[PDB]
Structure formats: structure tokens, C-alpha cells
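Beneath this line is the structure, given in C-alpha cells, with notes to follow.
Protein chains: 2
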Amino acid sequence: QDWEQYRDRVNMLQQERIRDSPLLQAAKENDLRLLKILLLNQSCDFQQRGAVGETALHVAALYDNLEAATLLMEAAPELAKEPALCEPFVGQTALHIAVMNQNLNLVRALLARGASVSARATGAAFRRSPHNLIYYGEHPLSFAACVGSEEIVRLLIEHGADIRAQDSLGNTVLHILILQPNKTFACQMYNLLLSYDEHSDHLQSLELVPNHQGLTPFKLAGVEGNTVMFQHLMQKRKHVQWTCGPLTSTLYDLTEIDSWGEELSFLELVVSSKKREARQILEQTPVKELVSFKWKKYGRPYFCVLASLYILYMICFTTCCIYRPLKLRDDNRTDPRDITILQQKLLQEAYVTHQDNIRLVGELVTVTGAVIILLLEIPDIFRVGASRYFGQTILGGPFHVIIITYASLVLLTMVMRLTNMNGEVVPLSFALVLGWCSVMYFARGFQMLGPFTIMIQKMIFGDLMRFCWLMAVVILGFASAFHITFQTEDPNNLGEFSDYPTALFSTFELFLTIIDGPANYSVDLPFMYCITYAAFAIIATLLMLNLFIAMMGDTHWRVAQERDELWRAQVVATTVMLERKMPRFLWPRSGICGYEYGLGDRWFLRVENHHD
Amino acid sequence: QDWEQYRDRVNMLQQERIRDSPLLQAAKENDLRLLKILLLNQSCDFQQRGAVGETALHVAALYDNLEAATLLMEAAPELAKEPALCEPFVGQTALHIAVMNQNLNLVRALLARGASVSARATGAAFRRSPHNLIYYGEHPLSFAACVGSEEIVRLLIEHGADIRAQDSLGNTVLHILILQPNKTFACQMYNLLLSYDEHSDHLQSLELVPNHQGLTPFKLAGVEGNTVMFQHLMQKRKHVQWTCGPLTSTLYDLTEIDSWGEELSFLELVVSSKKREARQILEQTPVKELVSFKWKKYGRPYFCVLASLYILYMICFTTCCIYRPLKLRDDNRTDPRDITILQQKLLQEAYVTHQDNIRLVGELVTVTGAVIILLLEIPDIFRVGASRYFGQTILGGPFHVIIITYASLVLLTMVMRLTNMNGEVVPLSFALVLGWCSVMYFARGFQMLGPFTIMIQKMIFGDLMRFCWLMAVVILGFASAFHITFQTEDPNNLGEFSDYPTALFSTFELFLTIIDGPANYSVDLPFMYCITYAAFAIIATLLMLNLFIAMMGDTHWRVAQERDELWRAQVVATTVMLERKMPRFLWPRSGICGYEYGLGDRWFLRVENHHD
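Same order as they appear, the protein sequences are chains A and D.
At position 196 of the first sequence the residue is numbered 222 (the authors' numbering), and the sequence of numbers has no breaks.
At position 294 of the second sequence the residue is numbered 320 (the authors' numbering), and the sequence of numbers has no breaks.
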């Protein structure tokens, strides 16, 4: 069964036992007079529970019923301390339910009895999933903070609610408020929980308490794509120096963005986030002024020096494919089967020559230039995880599938040599169509060439191959029908259709008008040919091509703001990708340090404004 | 004559007799003093009527004239009970006319005399037609309900107006209010007529009273495309279970949408409606949450299993066309008429062979796979009606003309065999260009491939064949003018124009630049050729092709919202089309039933909200 149909059984079987039991019936309906009388004559033993396993007070708190709920707590002393027992609802007590409803007087009544403010709700319907519409955490302080009810929030802290508790995923009360869809109404709540902070607990500040996967609530505001909470967490870390007219020289702290850490870099997590909204943190005023300083000062010359050691490499690999050891044809086997054109095979002559030694040192450059590419890509596979890394389209994208299968086919051609294999022309032709089309990677600078090469990528996955599933059928339709008409005829006159793997290939060419329409006006073609071909020229090359241009012409202004918003996030992905690699010799640390103009040990970045 | 000019005679001949008669003259003009005097001296015998046949009171009520109308009813006792007699105005009494004008005191005066509130207006100008601007039904209660005059509405019910009466089309008072252009102002009226309901008449509820063609006013709110009345009729059939914070788990009834009926399914009538507005019921909140449950759970795997038994069928029919019994050419007739290329004809050799028995069982699959297609399409013709079914473009569309003329040409090729006919290549070439281009039907899932294959259909009916009526003329213009210049010349040098059925076909190819411009630089072409061809290359292949790309390029962003609104109504058409076919083994009935969590016997669907 699906889980969606499993919980629909449980939420409806609960509604049966409320109808069956007379005590639970009056709780929902606020029948006070029954609940006074039915609790006199042996007030019912409260293991009498629903199929979920809840008491009468959980039913009385699930509905807005003050007066019936208080009469149950007077007769029964301990209903505030009982959990539910069904597996998607484990531990949800009456205090978890009264807080959710924002019921002001019922929470006051429950806390007067001493209900535990540290009860976990560990059910399978409270954990975060794409098929649960709420994620409010486990502790009841977290329930009050997410519903925007500030009066219950300050009421629980006065009774012992600890703002430093964590749920099973590790999220504290601050991690959850960033994960809420109501973005602009949690900033009022985040100011409140900092005033209740102990300021005694050394655990360093609550803003720096880590998740299980390592994210602090500052660092989680970036990954989530929360542009409102990012500015709020930055008001603590800027200093205003002077205001001279319209100018204002404010001074940002730059420590939780200038992370000098082994793998938890803030600028890595923002660009490699799967959330679409994370590409807008990169335009906020302490960050946009930073990654346009790394790029224009250092990241642009090191990416133009290194994009011409890769043109001078591929121009050293084609001139060692052209010059390759072809002897003369030492055989007369081309005279049988006059259909064959073939001539001179191969050699083993890198040694005995005057111009295969200049060719030799042009090969060992290409041999030890395809092992360096394997040493800079393979240990970068495991860090991201081999399935995110080949598909992000920003963090490299599908230019790491090409750049490895280029460097793998240079090493095969070495093993095709030194053992005297024959088909050396098969990897050399796959290397040169992939090796040059990887030089197209280095248009990630060059604002001119930049956003164009995304559109090639976006029209080869989205809009070309949905045109090609419905044309592997039309060129199987007509191509297997031209083979039938010319199966009778002679192949010496109009012999484009002589064998069935070329019946498909001549018809795929006729689709593109590359080959002309096959006609011979000195002979009688069969009459069935000119009917099937007058239908092929309307479906294939009026309609199907001129509608593919139109499909290309309207999905290009839909992606108008979206490829240009994606290019500026592809310069930031290049700058952090280089800062892992190049050694500390190159790249002094960004920002003016502060131990000589002595305030501390932090590394600052100065940005001045103009009030328009 | 037209009917439009026939009623213009009658409405103007009526205006003559008002001018001719002195009694009827003063009624329109509110000349009270004449109407007091002219009714003293033998008050005129009221068979004196117009050419339509109306009395003086119908003229007095056709104009807003209280005082003249009351003076006629005092002198003449029975003018409230007289009908008009002309055929487009049969039965329209004075009470039908006073109600239309929203005249408050004149309706009070007529009902005090005892005018019949059940008089039918059976004229030919009150029935529904595209050339009558009003459709208000027949009974006078229906006239008051459509004009938005609530005070006349409650006045007629107090005197005996029956809200359960029907007109000649069968529409009750509730069916008509849905058919009105003033959509948002009849919801106030529909609440009113339910309070006047007897609640004594077993006839089950007035919301379920059928039309003559079977439509209840709920079911008529969907076919008409009335998105406002659909939500109003659904407020009666939803239950709210709980509200937990922003959540709200409401519970829809799902009985008049979950119709388990022989042919009156609600989801069939909405998608096959000719009205354009009916494609917006499929986005309302109890229905959009239903047909995305049938599709994603059951309708998507059964449409991907069954779209690969149709690739593995057409890949079993082409490899029994390629392998077909061609012998060697046992004749030397190709040596006379050396223009002929032909060779080996046919056989009767499915029997004596080692590899025509593997071919034999690949034919009987294709024989009894084109009789199954005939058994699943022919009894579905008569249900929709053979003229709606082949043109809806949503309920299948023109993939049922292809899929029958594919399965018909497999059965001809069987009769071309077994009798030794010759032209077997003529149906095999029509089957393979239609059989594959029917696999393109199965892009009705696959959101990627989905909206693209509508645009092929919309540019083959709308925008290609209005380009082809004005190019059956240009390639008859130039093609019959190239035959004239080369009728003199010799066909062995530049012989594309040697016969008039190829003078058209070489010129149709020259339009598309497929064939090169016919030139031979070693001989003198006639000088008239290079003038007519320098005009052909400007009209045909600068202007006429590059303007067809532009026509394709601007009618594609007009249909931008409209092909994507049409794809989501083409998934709903597939889901209900499959639910007729596949047996009950597959497909338990949708929605949680309710006899175990005992409220009734109805089948419910749970949907929860979030208040933004």
C-alpha cells in the first residue's frame, strides 16, 4: 500500500470510536452537562482510548473546548502526562495539541498542572518530507514559535522551556524558523528569542549551533535561499564608520563568508544548492561586493592564462593525429571486391625516422596531459558525490563527462600503439570531436560569449530531444517504406536504398534536405515512389522542420531573464572552484585584516553607499 | 426568405395597426383622457387585435403605463387571460410582458385579478437558438428569475408558482439560471429558490432533476463551463474535519463526480464539451485533486506498458515487410524499353522455406493485431457519433482516422496475398508511413513530449494549408511556363521538363531548393529560361518560404498559454478513456469508502489546505 492511503485509514478509524464511546462523544460537541454526569458513576478508566491511542483530553484539546477540558483534568489527575501510541503519532501529548490551536487559556490551565515542556513528538507524521504540509519540529516550544503566537512563546520560557534543545534531525528552534514559508513574519519572532538567551552558556552563541550535517542557522539561511533572514543576520556584523553627505562608509565583518574551512565554505553551499532561490543570496550587498573582487582582480587573469594552455594543447594533439605512421598499401586485396577503396594500413615506426621524433615529443605532451586531467577530476568526484557533480549545470555541469572521456581515449590510443592493434582510427575520431567541443567550456568568463553557451546546453536537453523521440518514428516510417518499393528495382540506377542500414541513413539525410530527392529522369521509377515521396516532403520538410525553428524561437524568450541570472552564478562557481586548486603562493586572503589597526583578529571588507 | 427578414415584417406590421386604431394609439402614449372617453361608447370588442394578435392590454403592458393598464382591466373583465396567436409569439399573455419590464405595481394588479401563473409561451422566438438574444424559458416564474428581480420572484411563489415545472426542452427554473451570461448575479437568486422548496416532494431534491438529454443542473454547470456555480453547488457537499493552525482538512463528497453510470459520466461530458469554457472545471479543488490521483497512481503505468506493446508491434511489422518473397527476375522484358529498371516480381512461397516460417509467425502477429484495433475502435464510433469523434482534438482527435486506415491496409495486404495479386507494394508503403506516424499518439503522457505534438496538429490544419492554397497556384504558374520554353528543346540535355506531370513535380521540388536550379553550362539554354527563372527565385524562394517561417514564428506565441492549457485537458481525456476499457480487475474504485467508518454509503476524497 501507499503511505498516503495508510494514514487515511487511521484518521478515520479514530472518528469511529469517538462515535462509539459516549464519553468521547460529548467531548467534541462541548456537551458539558453529560460530561458532568458521566464522570460521576465510575469515571471511565482512561486506557479506554482511540485506535491512535489518545485519551479524552487529547480529543478535548483537538477541538476549541475550554470548559470540557478543565472538567476532565479535575476528575482525572494525570491526563497532561500521557502520550499517543500510534506510530505516525508517537508522543504527541495534550500540550502539543493545545499550543497548535493558539488556545490562550487552555495552555495556561495545562502548565498550572505541571505538564512536561520537554516531551518529544517522535511520530512519522512530524518529520520533514515532501508529503507532509508542516514541519514544526518536536518540542512544544517549537510548535508555538512556528504558528506566530508570541504570547505562548514567552509563556513557555517562564516555565522552563530550553531554547537550546534539538530534535532528531538536529535542528534547533532557530533552524526551523528559517524553513518556514511565512518568511517575513518570523523576523519579528527571531528578535524575541535572542532576548531570552542566557548569555551564560559558553556554548558559543546560539546563532552558531550546528546541525547534524553541519549547517549553522546563518549558513542555512543561504542554502535555503532566504533573502530576508540573510540581511537580518548581517545587521549584527556591520560597523558604520562615517556619514559624509550622502555617503556612508559601512564596514562588514566577513568571517562567516570568509570561511577558511576544510569543506564547509559558505560560497560553495550557496551555488551547489538544489533550491532555486539560493541564486539570490549572491546579489546581497556584503557578498556581491566580494565575489566581484575575487573575479576581477585574480580570478579573471588566472582563467585566461589557463584557457590558452588548453588551446595550445589541443593544437598540439591534432598535429600529432594528422602526422601518423601511414606506409604505402603493401597488398593487392583492394583488387578483389572493387567496391573497396582501401589503402595503406599502419606501421611501427616512431623510432626509425627524422620527423617522427618531433612527432614523438608532440605525443608525450599529449600523453602526460591526459593523466593530469585524470588527476584533477577523479579526486573531485568523491567530494561532491558522483551524482550531484555530473548534473548541477552550474558547478561544472556536463563538461566533466566530456573532459574525462577525452582523457580516457588518449590513453587507449597509447595501448592501441605498443601492441600493434589495427583500429586506431576509432578512438582518434572520438577524441577530436570531444576534445575540441570541450574548449567551449572556457566561455565562462567573457560576458559576450557567456550566456550563449548555456542556451546550447538548455536546447540540447530540453527541446532537441523531445523533438527526436517523435522523429525516430517518422524516419522509421518512411525509411522502411522506401526499402519496400526499391527492393524489386536494380541498385545501379537510383541505389540510395540498397541495404536496410542505409535505407534509414539516406532517409535521415533526406529529412534535412542535405541529400537531394533521389531521382533519375532517364529511367522509370515505380509509381508508388512518387506518392510516398510527395507525402514525405510535406510532413518532414515543410511541417516538422519549420515547427522546430518555431519551438526554438519561443522557448528562447522564456529563458531570457533566466540564462542571464544563471551566468552571474556561473562566474561565482568558477571562482570558488579555482580557490581550492591553486596554491597559497597565488591568492593572498581577501579583505583587509585587523590586528595591526587593532580591534580583533577578523578580516574585514569595506563598502560605501550613496543614498539616492 | 430568411427568418430574420420574416420577423421584421411582423414587428413592423404591428406598429401600423397601433397607428390605425384610435384605442390602441392612446394606450402607448398614456393618453388617459381619451381612454376614459373611448371606452364609454361601446368599449371596443377586443378581438380587434394587431397582426400578431394581441389585445389592448398587451400594448398597455408592453410600455411602462400603469394607469392606462388599470382602466382597461376595469372595463374589460378578461384581458388577463388572453394569448397572442402569431406563430413566433404563441401564448405570451399580459403577465409574461409585465414581468419582463420589472414593473412592480402592474404585476400586483394582474395577480389580484387571477391571471394564470402556469401559461406557456410556446412561440418560435422564445426557444434557444444562436439568433435569439434571450433564452428565458416559458413559464412566467422563469421570466422573473432571469431578470434579477427578486421581489417579483417571491411574489409569484405566494400565488402558486411551481418551481418544479419544465418547458419544452425540459429545462427547469434552475437549468436556465446556469445558461445566463450574467454569471455572478444568479448565485444570489439560487439561494432564494431553495428556501421556497417544499421539502415534501419525494422527487429527490430539485438539484437532481434531469433534462431531456439527461443533464442535471449540477452536471449542466460543468458542460456549460460555469466556474462560479460549480463552487456554489459544492458547498453543500463538503465536510470540515479539523483546523490545526493554518491547516484545514476538509472532506469532499465525490458522488456526482464519481459516477459509476453507464454513459453519463461527469468527467466525460466536461472534456468532450464543445464550449471553450469547460476546460476550467478541471482546475477546481475537488476535481484537480482527483484526476491527478488517477493519473499518477494508475493511469501512468498502464499507459507506459501499453505504449511499448505498440513499439514492439510496429517493429514486428517492418521486419515482415523487408523480408518479403522476392524471387529473381525470370523475364527479359527489361531489355525492351531500356528506360525500365525493373527486376524480380513476387512468389507464392510462405510454405517451402527455412526462414519464411519465422517470417510466417511474424505475419500472424500483425494480422491479428490489426483486427484487435478494429474491435476497439469501431464500437467506440457509435457511442460518440462519428462526427464529433473524429474532430474533437482532445478526445483522441485525428489519431483514430490513422489507426483505422492502418489496420485496414494490413488486411488488404492479406487479400493481396492468397490470391496472387501484383501491386502489393502499394498498400505496404501506405501502411508504413501511417503506422509509425501513429506511434506519435503516445506522447500524451511525458510532459516533455506532451505540448509539442499539439503544435504539429495545430500547424497542419491552421497555418500550413492556408499557405498551400496560395501555392497550388504559383507552382501551376511557373511549372506550366517552363514546359513551354523546353517543349522545343531536346530532353537529353536539361530534361527535367519532359512530360507535364513531371513539369509540375520538378517545379515543386525547385520551390524547396531540394533540386538544384536546372542548368547545363556546356549548352545554350533558351534566353527566355533565364528571365522566367530569375523571377521564380524571388517570388518562390526568397519571399514565399521566408514568410512562411515568419507565419510559423508569430502564430506560435499566440498559442502559448493555449497549448499548455490544452495538454492538461488531454491527460484527463486519456484517463477516462482507459477506465471504460480495462476491466475491474485493474483499478479499485477511487476514494475512501464510508460504510465501515459509518456515516453512509458514499465514497469520499480527503483534501487538506493551507491558508496563505
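Don't be surprised by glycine CBs; every beta carbon is placed ideally from N, CA and C.
- Just so you know, the alpha carbons of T533 of chain D and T210 of chain D end up roughly 60 Å apart.
- Boundaries of the alpha helix (DSSP H) around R409 of chain A: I407 to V410.
- Residue burial is scored here from C-beta neighbours: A599 of chain A has at least 16 other C-beta atoms within 10 angstroms and is therefore classed as buried.
- In the DSSP assignment, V313 of chain D falls outside any beta strand (DSSP E) and carries neither an H nor an E.
- Residues of the region 548-568 of chain A that bring their beta carbon within less than 9 Å of a beta carbon in chain D comprise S548, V549, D550, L551, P552, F553, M554, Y555, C556, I557, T558, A560, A561, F562, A563, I564, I565, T567 and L568, in sequence order.
- In the three-state scheme derived from DSSP, where H, G and I count as helix and E and B as strand, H636 of chain D is classed as strand.
- Per DSSP, the unbroken alpha helix (DSSP H) holding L338 of chain A starts and ends at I337 to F343.
- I618 of chain D is bridged by DSSP to D:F630.
- The residues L352, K353, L354 and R355, in chain order, have a CB closer than 6 Å to that of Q370 of chain A in the same chain once the five nearest residues on each side in sequence are set aside.
- Close to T511 of chain A, with beta-carbon spacing below 7 Å, are these residues of chain D in chain order: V451 and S455.
- Between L121 of chain A and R190 of chain A, the gap from beta carbon to beta carbon reaches 9 Å or more.
- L502, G503, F504, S506, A507, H509, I510, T511, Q513, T514, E515, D516 and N519: these are the residues of the region 501-525 of chain A whose beta carbon lies less than 7 Å from some beta carbon of chain D, given in chain order.
- With respect to chain D, the C-beta atom of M577 of chain A has a partner C-beta closer than 9 Å.
- Under the Cβ criterion of 9 Å, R263 of chain D is not counted among the residues facing chain A.
- When Cβ-Cβ separations below 9 Å define contact, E42 of chain A makes contact with chain D.
- Following the DSSP letters along the chain, one finds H84 of chain D inside the alpha helix (DSSP H) bounded by residues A82 to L88.
- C619 of chain A counts as exposed, since fewer than 16 other beta carbons sit within 10 angstroms of its beta carbon.
- Shortest Cα-Cα distance from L49 of chain A to any of A:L97, A:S334 and A:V78 involves A:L97.
- Closer than 9 Å to the CB of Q118 of chain A there is not a single CB belonging to chain D.
- Segment contact: the region 275-293 of chain A against the region 569-587 of chain A, fewer than three CB-CB distances shorter than 8 Å; contact not assigned.
- Collapsing the DSSP output to three states places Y432 of chain A in a helix.
- Pairing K314 of chain A with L308 of chain A gives a Cβ-Cβ distance under 9 Å.
- Bounds of the beta strand (DSSP E) holding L273 of chain D are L273 to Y278.
- Interface flag for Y161 of chain A against chain D is unset, since no Cβ pair is found closer than 9 Å.
- Taking 9 Å as the threshold, the shortest C-beta distance from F152 of chain D to chain A does not fall below it.
- Under a 10 Å Cβ-count criterion, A138 of chain D is classified as exposed, with fewer than 16 other Cβ atoms of the shown protein chains found around its own Cβ.
- Counting only residues of its own chain and dropping the five nearest sequence neighbours on each side, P477 of chain D has a CB closer than 6 Å to the CB of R589, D590 and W593.
- For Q68 of chain D, the three-state secondary structure derived from DSSP is coil.
- Interface flag for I429 of chain D against chain A is unset, since no Cβ pair is found closer than 9 Å.
- In the three-state reduction of the DSSP assignment, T479 of chain D falls in the helix class.
- The DSSP-derived three-state label of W268 of chain D is strand.
- Residue D:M577 holds the alpha-carbon nearest to the alpha-carbon of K484 of chain D among D:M577, D:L458, D:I557 and D:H157.
- Exclusion of the five residues before and after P544 of chain A leaves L520 and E522 as the residues of its chain whose Cβ lies within less than 6 Å of its Cβ.
- Taking C-alpha positions only, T360 of chain A is separated from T366 of chain A by approximately 6 Å.
- For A545 of chain A, the nearest CB of chain D lies under 9 Å from its own CB, placing it at the interface with that chain.
- Around the beta carbon of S221 of chain D, fewer than 16 other beta carbons lie within 10 angstroms, which makes this residue exposed.
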